[PDB]
Each structure stands twice: as structure tokens, then as C-alpha cells.
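Sequence lines, in order, name chains D, B and A.
Reading the first sequence from the start, the letters are residues 22 to 188, 207 to 346, 351 to 399, 401 to 418 in the deposited numbering.
Reading the second sequence from the start, the letters are residues 22 to 66, 70 to 187, 208 to 345, 352 to 398, 402 to 487, 489 to 520, 523 to 549, 553 to 563, 565 to 573, 578 to 623 in the deposited numbering.
For the third sequence, the deposited numbering gives the first residue as 101, with consecutive numbering after it.
The beta-carbon is built from N, C-alpha and C at its ideal position, and this holds for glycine as well.
Here the structure is laid out as C-alpha cells; the discussion comes afterwards.
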Amino acid sequence: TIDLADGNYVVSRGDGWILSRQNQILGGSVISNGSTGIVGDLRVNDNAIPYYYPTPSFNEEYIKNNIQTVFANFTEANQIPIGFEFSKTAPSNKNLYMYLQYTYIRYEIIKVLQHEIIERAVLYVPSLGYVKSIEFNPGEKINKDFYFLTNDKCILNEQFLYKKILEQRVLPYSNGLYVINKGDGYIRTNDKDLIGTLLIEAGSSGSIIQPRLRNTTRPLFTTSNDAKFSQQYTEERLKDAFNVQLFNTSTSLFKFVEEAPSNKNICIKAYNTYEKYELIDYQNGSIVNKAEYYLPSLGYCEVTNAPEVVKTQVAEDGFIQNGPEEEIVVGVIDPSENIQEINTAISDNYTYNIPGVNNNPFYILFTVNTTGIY
Amino acid sequence: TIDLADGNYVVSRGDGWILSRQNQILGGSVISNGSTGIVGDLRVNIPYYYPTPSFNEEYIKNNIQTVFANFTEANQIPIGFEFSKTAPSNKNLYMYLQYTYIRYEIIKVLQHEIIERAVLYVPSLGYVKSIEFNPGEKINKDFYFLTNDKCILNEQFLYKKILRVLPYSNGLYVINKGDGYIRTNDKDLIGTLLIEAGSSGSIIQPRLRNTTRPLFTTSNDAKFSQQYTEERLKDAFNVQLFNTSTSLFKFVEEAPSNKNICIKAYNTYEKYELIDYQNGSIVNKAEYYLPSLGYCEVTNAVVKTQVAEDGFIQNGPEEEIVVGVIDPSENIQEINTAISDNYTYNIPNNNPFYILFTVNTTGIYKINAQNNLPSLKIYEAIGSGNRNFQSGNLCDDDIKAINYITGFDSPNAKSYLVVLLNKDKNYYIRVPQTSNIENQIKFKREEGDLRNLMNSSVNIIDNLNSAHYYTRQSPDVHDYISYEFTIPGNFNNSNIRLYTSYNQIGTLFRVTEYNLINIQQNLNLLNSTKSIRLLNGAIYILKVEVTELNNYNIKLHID
Amino acid sequence: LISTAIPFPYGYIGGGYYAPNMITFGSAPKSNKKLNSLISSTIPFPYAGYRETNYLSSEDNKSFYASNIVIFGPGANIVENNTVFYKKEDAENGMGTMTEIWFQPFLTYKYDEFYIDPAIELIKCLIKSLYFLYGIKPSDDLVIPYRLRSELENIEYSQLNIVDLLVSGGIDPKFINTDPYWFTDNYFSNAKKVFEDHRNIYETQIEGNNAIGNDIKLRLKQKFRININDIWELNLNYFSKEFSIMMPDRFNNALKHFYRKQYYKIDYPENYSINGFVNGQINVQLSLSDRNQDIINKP
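The structure is reproduced here in C-alpha cells:
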């Protein structure tokens with residue numbers, strides 16, 4: 022039963038879903054007498070295959086298309102290897118057994134008729150993983166619930182995010216192109232940039248790693264006039280102001296490591312971030328053409344203490364800035380305006396005859413032979 | 022010089038052997054003023073032979089690989105280790121790394137004396153020696169140079185003379221027996237690292253993709269092959285090998301400032317037993333050892355010991371997880387429409406098969422074939438009821454891990470099942486090997503007095519005409537089993556003794573035509593012949609629970 | 101192109117070219133927060149994990165040197181330039197394999213009124229080797245008819261492998277490669293499909309992998325920047341025009357039947373230089389070799 026209206030809905034239940042009968046698939050480690058055990062895994066192309074559970078109304082393509090539109094594109098996100106690691110220290114004179122399983126993001130497509138869900142299709146996307154540990158003595162019997170899971174369960178985030186499937208500041212800038220560095224740490228809404236969530240238990244440590252085993256990165260481009268401010272054109276003006284050379288590729292790694300306290304469990308969320316570059320075209324005090332370029336950056340980390352669900356709608360498409368406030372304005376040479384050069388330092392008096401160039405505002409490049417007021 | 026006997030012996034002296042004159046052949050690191058120096062090795066893949077005229081190289085290799093860990097073909101597994109040391113406040117520290125080795129001797133003993141000896145050195149983890157020095161200081165030469173092979177590890181001498209009731213049903217089963225299994229005689233030993241005081245050391249086990257090898261031991265390769273066992277493991281727990289090759293484990297130990305710490309690391313395995321329980325006896329078995337995430341031990345700083359027999363030792367916690375799986379030989383027929391209050395499924402081969410179905414609402418049903426023959430077994434898909442769902446229809450989740458509920462595997466007997474079925478679940482019914491009389495399976499909701507016999511097959515043996525005894529498969533503890541009988545003699549409104560042979565509460569109902581009337585409760589059927597006089601010609605229901613299963617079978621004696 | 105057309109390497113030891121595994125190495129020392137075991141360095145575990153086939157191994161078999169082409173002297177026959185593959189399976193399946201060349205630079209023959217520049221012969225051998233380096237070698241039974249042996253009495257036709265026709269240059273290859281294809285075979289379509297598949301493998305998997313060195317990545321980028329149709333159209337007729345070298349053109353792979361050769365010795369500080377034949381092809385002063393009496397005449 023739900024309080025929504027009749028129709029089809031796309032719902033995200035968050036990250037932290039562990040599947041049934043799939044606890045000890047990857048194995049486990051045994052530590053003793055103060056030894057520290059570190060487990061790690063990498064999600065590349067085989068432990069990253071989603072699981073589809075469709076219905077006649079919601080086929081596999083219908084499921085894949087609708088969730089990727091509203092939520093994170095798991096097809097393009099699972100292609101980039103992502104590593105995760107857990108670390109647990111065995112107590113003194115005791116033994117610890119700790120095993121690792123996979124966590125999943127659970128999406129659904131549901132049909133609501135007369136305030137009752139009459140159909141549901143479920144997609145599971147492998148997100149990060151989870152570690153479960155116990156302190157055991159030799160010969161002791163441990164409850165089967167620790168080893169075996171008979172039903173899917175959520176451990177990190179209990180959420181229900183639904184969306185219906187509808188079938207003036209004074210800028211004293213002279214006229215010319217500008218590339219403004221609006222700031223770093225921009226993330227998309229609806230958790231479209233979430234690398235994933237890790238639940239670090241008390242006394243343990245967790246880490247999410249971008250190993251950069253692949254150069255591939257995905258920049259974002261939003262132009263107001265594609266005739267002038269094309270993606271290539273905006274990229275060239277980015278290489279002119281800040282000398283940005285690599286756009287679709289990157290080689291910088293980033294780790295996010297959190298050590299949970301000895302009392303309470305912690306969960307950590309890793310997002311992919313962007314840096315915002317605004318390429319504007321100022322003309323007589325008003326912007327007449329603007330483009331926005333989101334260059335991939337080095338991630339964002341949110342640490343939250345692990346906590351009834353409330354059906355909440357998804358926020359509109361947009362960006363949220365988590366980094367500091369930044370505004371660096373750098374003017375650039377407007378192309379299609381020829382640059383003339385004087386190949387001699389101006390000593391004390393120079394005359395330059397404008398060649399033919402038949403109007404067409406142009407640039408003269410020069411330097412002086414001695415510092416002074418000219 | 023030896024307490025052995027005459028003959029050839031193969032001895033392992035353990036790892037931690039440092040070769041001579043090879044101390045600073047890998048290099049060294051100089052750190053200063055609070056800087057932390059970390060040096061180590063990481064290898065993806070060359071032993072040293074020293075033979076004798078009797079012990080040729082092939083002889084040594086064969087004899088060592090027969091007992092101890094292989095090295096010719098087992099060099100594929102990569103290894104790594106690391107040592108970390110922090111410089112003092114205002115002094116320099118120099119630390120250098122060498123390789124430790126496993127020493128494998130093969131000797132000939134005559135008159136309790138070692139008259140011949142050949143030595144093999146197998147590469148192992150490393151060893152770091154460090155010294156804090158001031159400029160111009162002279163350091164004793166014994167720190168840099170080793171003039172004789174020595175062991176800086178735990179000395180050892182491992183020698184070998186070179187010369208219950210399972211209340212299960214018929215069907216396949218997969219049992220997870222636990223984790224932390226290691227082979228005997230240190231055949232799974234990654235190795236040992238010695239860490240000096242104030243240092244810390246780490247052992248890392250890299251895993252190349254698709255480079256993990258499980259251990260398979262089958263009882264019959266005709267049926268329980270390796271591919272078959274892997275498929276059944278996937279059916280039971282969704283076990284796949286390729287997801288174990290992307291993992292990695294690492295053990296870190298920080299030695300105290302006072303004493304050195306020796307840390308020993310092994311590889312591990314998870315044990316899965318695929319059994320074929322039939323008629324109370326295991327007719328087939330297969331053991332699958334899946335590479336696990338290692339085992340760690342912490343020790344501290352020469353009795354000649356014999357090697358243990360080949361086998362496994364469990365270093366992990368005790369575990370026994372039993373999951374029944376669908377036999378791939380039998381076919382599956384599905385009932386798409388959810389059962390609501392009544393149904394009549396018409397079986398379309403005279404072979405056992407699985408009927409997959411779901412109910413439209415929770416309730417105690419009553420499933421039986423035509424004339425209660427043959428007897429059916431009902432299972433339950435594990436984990437079904439949370440994935441894809443359509444109201445009023447059956448959406449198969451492709452779950453083949455079944456949990457047995459009730460039923461008998463004796464088609465000769467005739468019985469019917471009374472089992473509570475949940476709305477948000479999927480259930481399997483196994484029809485055994487039948489004839490061509492066109493039998494049909496009937497589902498009927500039971501809102502009457504039949505709800506008392508929840509989760510219990512009901513036998514309808516009505517041959518009482520004269523103490524008769526009936527034998528069935530005894531249910532597990534806390535389960536139930538029921539019997540329907542008719543007292544001999546035409547009804548006109553006979554002392555019957557009810558007991559059991561081997562197994563231990566019991567309840568009796570009177571059928572009043578299904579309007580069962582409760583009469584007697586809490587009866588110990590262990591031989592107890594406390595008899596009861598019942599009206600002749602009246603149908604009676606006898607329900608028995610299992611509290612102490614001392615036998616696979618259960619026998620009910622009626623007098 | 102020869103120096104950049106390395107044979108396609110094999111993937112990791114488990115198959116595939118996408119990405120290697122990851123190793124966590126170098127745990128930081130403990131502190132007030134302590135347990136910095138996770139604060140460490142991330143490493144691609146197998147770096148340059150691809151396995152190359154174009155390599156020469158030292159005598160001790162512990163050192164390897166990259167090699168696409170190795171030029172040897174002649175085999176049994178003193179004057180016979182040949183190109184041999186390293187692996188036959190890899191020369192035809194699209195992997196590609198290194199080539200070994202038997203070339204004799206000291207002898208040359210005279211056709212009509214000019215001498216054959218050995219540079220054109222070496223260029224022909226290199227063009228033939230380009231097929232092996234790309235793994236587009238056709239099967240040995242792809243012979244096309246070359247000459248009706250009128251000297252015989254029974255109707256027999258000489259046959260020629262398609263690579264020889266394509267790379268030899270002259271009028272014979274232009275009588276076969278026509279504006280519509282009167283002669284077609286599944287070899288061209290299969291080779292194009294395999295080449296496109298390998299280009300896609302590089303573009304989707306290798307190009308983007310950050311754990312492979314530029315020495316292989318960049319060389320593979322330039323290897324696939326050339327379309328397979330360009331290699332088929334690469335013949336001696338292009339280099340002869342671009343070098344002003346005169347060479348036999350009609351039935352140039354069957355000249356043994358037409359006229360008997362007479363070889364000339366060439367020393368190479370004087371008779372041949374970086375500019376080619378000294379005093380031109382026609383007027384270069386050469387001396388007939390003493391091996392002209394050692395020619396085997398099996399009719």
C-alpha cells in the first residue's frame with residue numbers, strides 16, 4: 022500500500038542491499054592475537070553485472086532505460102574499476118573471523134492502482150560491498166543467522182525515492216570572452232555521481248579507492264548557443280585561460296579512508312565531483328552567450344553516523364557545490380581576431396601602421413625595452 | 022647424531038633460512054630524522073639444488089614434492105611482503121633486505137648417523153636488518169656479512185621416511221562446512237615474517253585475475269563432475285570462481301618496542317560438500333575447496355617431529371549450512387495463476406518433476422493427488438518473495454535452492470499434505486516416479503479443523519482388520537507426522556495401543573464428517593503401550609511430533 | 101610504419117585487455133589515530149600485463165629485446181630474397197608476428213639497359229613483411245593464374261600467391277585489381293573483419309588502460325590509424341615512382357623462364373651510396389661476378 026497516484030513509478034531504495042544465500046561467496050579471513058587483517062576487492066567487469074527481475078509490463082530494456090534516466094547511470098559507471106578495502110584488528114588473545122560480501126543498490130519499477138502496488142520489477146546494481154566479523158573461540162557454536170541470509174536486507178540506507186514515469208550584479212568586465220572558474224566539488228542531484236557507500240563497523244576501518252586503472256572520465260557540457268559555444272570551442276578556451284590539457288582522461292588517484300570509532304558504527308559515501316568553468320561572452324554589461332563545462336575532479340567524501352522510511356520525491360536536475368566559494372575570472376583572446384606582432388621592444392617612441401586590417405578588430409602584440417609609463 | 026632408523030628420509034627445516042654472502046645483494050635504504058622507510062617485494066612468479077651422487081636433482085624434486093608443498097608448478101601464485109621502519113629524531117637509519125628460504129634436506133641414515141645429505145632451497149618471504157648510525161661510525165662486519173647459512177626463524181625438523209542421524213529427504217544437498225581450511229604439513233603456507241622491535245611488517249597476497257585454483261575431490265566423476273558441482277554450488281549459494289580472483293588480503297603486525305614478533309600466514313579454503321542423500325545413506329559425495337582470504341598466526345621466539359597425514363585442518367569457526375537444491379534431471383512445470391481457494395492441476402511422462410506455484414493469500418492448504426496416490430513432497434524456494442512481483446500471478450525468480458517442508462519419498466504409500474503457505478513466497482511440489491492413469495494434483499484451502507495438522511503429511515493406511525506396524529521416514533526434531541486410520545468393525549457407537560519403536565509427543569483426533581475432535585494430548589510414544597479404547601468404525605487422526613530422533617526411520621505400532 | 105606496426109600482444113594471463121588487478125602497498129605508520137594500514141599506495145599489480153610475441157631472447161633465455169624485423173643473409177641459395185614469418189598461426193589470424201628477411205645486397209642483375217637497385221628489393225621484402233606484422237597473410241591456396249606455360253605440351257597454368265602479385269608491382273597486379281572486382285575471395289572480407297575487430301579491441305579496451313606503457317599503446321595507436329585497404333594498395337609501383345627507380349614490370353615474378361640472369365658484384369662504399377647507384381642506374385660501372393659460372397641450370 023502506498024499514498025501515491027495511479028501510474029508507473031521508478032523507485033530507488035538506496036545503497037546497502039545484501040542478497041540472500043550470498044554471504045560467504047568471496048571467502049573470509051581469520052586473525053588472532055592482535056594481528057590486523059585487511060581485505061580488499063575491485064569491481065571491474067564480472068562482479069559488476071546487474072541482476073534483472075522483470076515483469077511482463079516492465080521488461081529488461083524498460084527497467085534499464087528508466088532508472089538510468091532518473092538515477093545514476095550504472096552502465097557507464099561500472100566500466101571504471103573501483104576498489105574498496107576493510108581492515109579489522111583482532112583483540113588480544115582472541116580469534117576473529119571476518120568475511121566479505123557484496124552490497125547492491127535496489128531499484129524498482131512499480132505500478133500503483135487505487136493506492137496499492139499491483140506490480141513490481143527489481144534491478145540490483147553491485148555498488149561496493151560489506152564486511153561482517155565475529156569473535157569466536159575454538160569449538161564454540163555460532164548461530165546460523167550469522168553465516169546465512171534467507172532474505173534480502175538493507176544495512177546502510179533505508180530510503181524510498183520515487184518519480185512518476187510520465188508517458207543581477209554589476210560586473211565591470213570589458214566586452215570579450217571570459218573563462219570563470221566557478222569552483223570545485225560539484226555533484227549532480229539524485230545521487231547520480233555516487234561512487235558508493237561503505238558501512239564501517241565499530242573498531243574497523245574502510246576505504247574507497249579510485250585506482251585509475253582506466254583513464255576514462257566523463258565531462259559535462261551545457262551550452263546556450265551551440266552555433267558559437269560548441270564543446271570543442273569551449274575546450275579550446277579552457278586550454279587558453281588555465282591551460283587545461285586533459286579533458287576526457289585523467290591520471291590522478293584519490294582514496295577515502297575512514298576509521299570508525301570503537302563505540303558507534305559509521306558509514307561513508309564517496310561521490311564523483313566536477314569543477315565548474317563558465318565561458319561567458321560579455322557585451323555592454325550583459326551576458327549574451329554562456330556555456331558551462333564540468334571537468335571531472337577528485338571526488339567528495341561524506342561521513343555520516345549510521346541511523351521509519353518516508354516516500355520522498357526526487358529533486359530536480361541540477362548541481363550542488365560542496366567545495367569552497369571560488370570565482371577566478373580570466374579573460375581570453377577572442378579567436379577569429381588576427382593577432383599582429385611587433386618583433387622589436389619599443390625603446391622610447393614607436394609608430395605602427397595598421398595593415399590591410402580593413403576594420404575587423406585585431407590585436408597587436410608587443411613589449412617594451414625598459415619598464416616605464418607609456 | 023640421529024635417533025632415526027636406517028634408510029632415506031625427507032626433512033623440512035621450515036622457512037626463515039638466510040643464505041651466506043647474499044645479505045646486501047638486493048640493496049638498502051637510508052632514512053633520516055623521523056622519515057619512515059618502507060621496503061618490500063612483490064613477485065608474480070628458481071630454487072637452489074645441492075645434490076649428492078645418490079640423490080639426483082629429479083630424485084630430490086620428486087621426493088620433496090610428494091610430501092611437502094609443491095614448487096615447480098605452484099610458483100604461479102604471486103607473493104608480496106613489506107617492512108616499515110621509522111628513523112629516530114636526529115639520527116640516520118640504514119636498513120637492507122634479503123630473501124629467506126625453505127630448506128628441504130634429503131638424507132640417508134645408517135647406524136643412526138647421517139652419512140649423506142642433499143639440500144634444496146625454495147624461495148620464501150624476506151627479512152630486513154636495520155641499524156641506526158651516526159656519520160663516521162664504524163659498524164661491526166657481522167651486521168653486513170653472513171659467512172654461514174643460518175636460520176633466523178623458528179627452528180623445526182619435520183621428517184618423513186622415504187620408502208549422526210540425518211533426517212534429510214531424497215535429493216541433492218550442498219553443505220557449507222566452514223572457512224579457514226588449510227592443508228596439512230604446511231602445504232598452504234604463504235610464509236613467516238620476522239619483525240624486529242619497533243618495526244612493523246606486512247604479508248600481502250596478490251591474486252591475478254582468473255588465477256585461483258580450487259581443490260576438487262569427487263566420489264564419482266560420472267555424475268558429480270567438477271562442472272556439475274560448480275553448477276550446483278551456484279544453484280545453492282550462487283558460488284562463482286571468477287569473483288575470488290579480484291580480491292586480496294593483507295596481514296599487518298607492529299612488533300612491540302621490546303621484543304620481536306614472528307607472523308605466519310597461510311592461504312585458506314572454504315569447504316562445500318555436495319551430497320546425494322538417498323534412503324538414509326549418502327550415495328554420492330563431492331568436496332569443493334574454494335580459495336578463501338587467508339589465515340594469520342602470531343608466534344614468538352629442536353624436537354624431531356614426523357609429518358602429519360594428508361588432510362585438512364579447520365582454523366575457522368564451526369559451520370554447517372545445509373541447502374537443498376533442485377535436481378537438474380527433473381523438469382519443472384509452473385502454474386502461472388496464483389492459487390486462491392481451489393485448484394486442480396492435471397499432470398501432463403511417469404517421471405518425477407517439480408511443480409512451481411504460489412498462493413494468492415496466506416492459509417493452510419491441503420494438497421493431494423488422485424486417491425492420495427502418489428505421495429507428494431513440498432519444498433520452498435529460499436529467498437523468494439521480495440524480487441519481481443505481479444499481483445494475482447506467478448513471477449519466477451529462478452531460485453533453485455529449496456528448503457524441505459514435509460512429505461514422504463515412498464510412492465507405494467498414499468498420503469496427503471497439510472502445509473501452511475505464505476502469500477509472498479514460491480513453493481515447489483515434487484511428484485515422484487508414478489503409470490498412465492492420468493493422476494492430478496488438487497489444491498484446496500482448509501479453513502476448518504484441518505488447520506491443527508499444520509506442516510505435516512497425513513498417511514491414510516486403512517488395512518486395520520484383525523498389532524499392525526507402519527514405517528515411514530521420521531521427521532526432524534520439532535516437526536510433525538500424522539496418521540489417518542479406521543477402527544475395524546462396523547460403526548455402532553477395542554483397546555488400541557499406539558507406540559513407536561526407536562524414536563520419541566502425540567495427539568489423537570476423531571474424524572466427525578473434516579470436523580476433527582481433539583481427545584488426547586502429550587503422549588510419550590516411546591514403546592509406552594498405554595492403550596485407548598476407541599469406537600469401532602470411526603476414523604481417527606493420530607498426529608505425532610518428533611522430539612528425539614534416534615533413527616532415520618520411524619515405526620508406528622497400532623494395536 | 102614497419103617500426104610502429106608491432107604484432108598485436110596477447111592479453112593478460114587470464115585473457116582480456118580491459119584492466120589489471122589492484123595492489124595496496126605501503127601502509128603508513130601508526131599515530132594518535134593509529135591503524136593507518138589503509139592509508140597507503142595503490143598500484144596496478146601486473147603493469148604492462150600484455151604479453152608480446154615480437155621479441156628475441158638471449159642465449160641464457162633471461163633477457164628479451166623487442167624486434168619486428170630481423171634481416172639475415174641468404175639461405176642455401178645465394179641470390180634469393182625471402183621473407184619468413186615467426187608464427188604461422190599468428191601471421192594469418194590477425195595477431196601478427198615478426199618477420200625474418202633473407203637479403204643479399206652484394207649481387208644484382210641487369211634488365212634491358214639498367215641495373216636493379218637493391219633498395220627496391222629490400223622495399224619489396226619490407227612490404228611483404230608488413231602483411232605478417234598485421235596478421236593478414238592469406239592462405240597458401242589463394243593462388244591466382246599468372247602465366248600459360250606455352251613452352252609445355254599439356255595445358256598447365258602457373259599460379260602466384262596474392263601477396264606476391266599485390267606487392268611485386270607492375271601491370272600484372274593492375275590486370276587483377278579492376279574497378280569492379282572480377283576476381284573476389286572471402287579472404288579480403290575476412291581480413292577486413294578481423295582488422296576492424298582488432299581496431300575495436302584497441303579503441304575500447306587498450307586505449308584507456310592506464311596500466312600499459314606508452315611504448316606499446318602509442319605504437320598500436322599508429323598501427324591502426326592505417327586502414328587495411330592502404331596496405332593492399334601499397335606496391336612497388338609507388339616507391340619506383342617516388343624514387344625514380346627502373347625495374348622489371350611485366351611478369352616480374354617469372355623472369356627465370358624468359359632470360360638467364362648475369363649477376364654483378366656491388367661493393368658499398370663506392371658502387372652504392374645514400375643517394376643510390378653512383379653515376380645513376382644506367383651508367384654505373386660494375387664488374388660481372390665470378391659466381392656466374394656457379395649458376396645451377398636445371399631446365
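Min CB distance residue i to chain B below 9 Å
i        : result
D:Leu238 : no
D:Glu297 : no
D:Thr57  : yes
D:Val327 : no
D:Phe169 : yes
A:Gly115 : yes
Rounded distance between the beta-carbons of residue j and residue i, thought under 8 Å
i        : j        : result
A:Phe232 : A:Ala166 : Actually they are not in contact, since the Cβ atoms of A:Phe232 and A:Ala166 sit about 16 Å apart, beyond 8 Å.
D:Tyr310 : D:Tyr332 : 19 Å between Cβ atoms; not a contact.
D:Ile39  : D:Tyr151 : 6 Å
B:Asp532 : B:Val610 : 6 Å
Below-9 Å beta-carbon distance, residue i vs any chain E residue
i       : result
D:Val65 : No chain E appears in the structure shown, which is made up of the protein chains D, B and A.
Heavy atom of the ligand SAH within 8 Å of residue i beta-carbon
i        : result
B:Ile130 : Only the bare structure without any ligand can be found here, which leaves the ligand SAH out of the picture.
Residue i, DSSP secondary structure in three states
i        : result
A:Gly149 : coil
A:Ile178 : coil
A:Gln305 : helix
D:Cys306 : strand
D:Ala98  : helix
A:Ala166 : strand
A:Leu265 : helix
B:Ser246 : strand
D:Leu277 : helix
A:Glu256 : coil
A:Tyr338 : helix
Within-9 Å CB hit, residue i to chain D
i        : result
B:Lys109 : no
A:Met346 : no
B:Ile84  : no
A:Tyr118 : yes
B:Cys306 : no
Cβ-Cβ distance between residue i and residue j below 9 Å
i                      : j        : result
B:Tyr123               : B:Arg34  : no
D:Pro405               : D:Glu275 : no
B:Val608               : B:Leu590 : no
D:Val218               : D:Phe281 : yes
residue 626 of chain B : B:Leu238 : Any answer about residue 626 of chain B is impossible in this case: the structure gives chain B only from 22 up to 623.
D:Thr110               : D:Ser56  : yes
D:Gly37                : D:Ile176 : yes
A:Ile227               : A:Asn335 : yes
Residue-chain proximity (residue i, chain A), Cβ-Cβ < 9 Å
i        : result
B:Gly416 : no
B:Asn287 : no
D:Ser246 : yes
Residue i to residue j span [Cα, whole Å]
i        : j        : result
B:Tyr73  : A:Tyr364 : 59 Å
B:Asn386 : B:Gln423 : 22 Å
B:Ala454 : B:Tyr321 : 16 Å
B:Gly502 : B:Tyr395 : 23 Å
D:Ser50  : D:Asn158 : 15 Å
D:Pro112 : D:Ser243 : 12 Å
A:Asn136 : B:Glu106 : 15 Å
B:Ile420 : B:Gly445 : 20 Å
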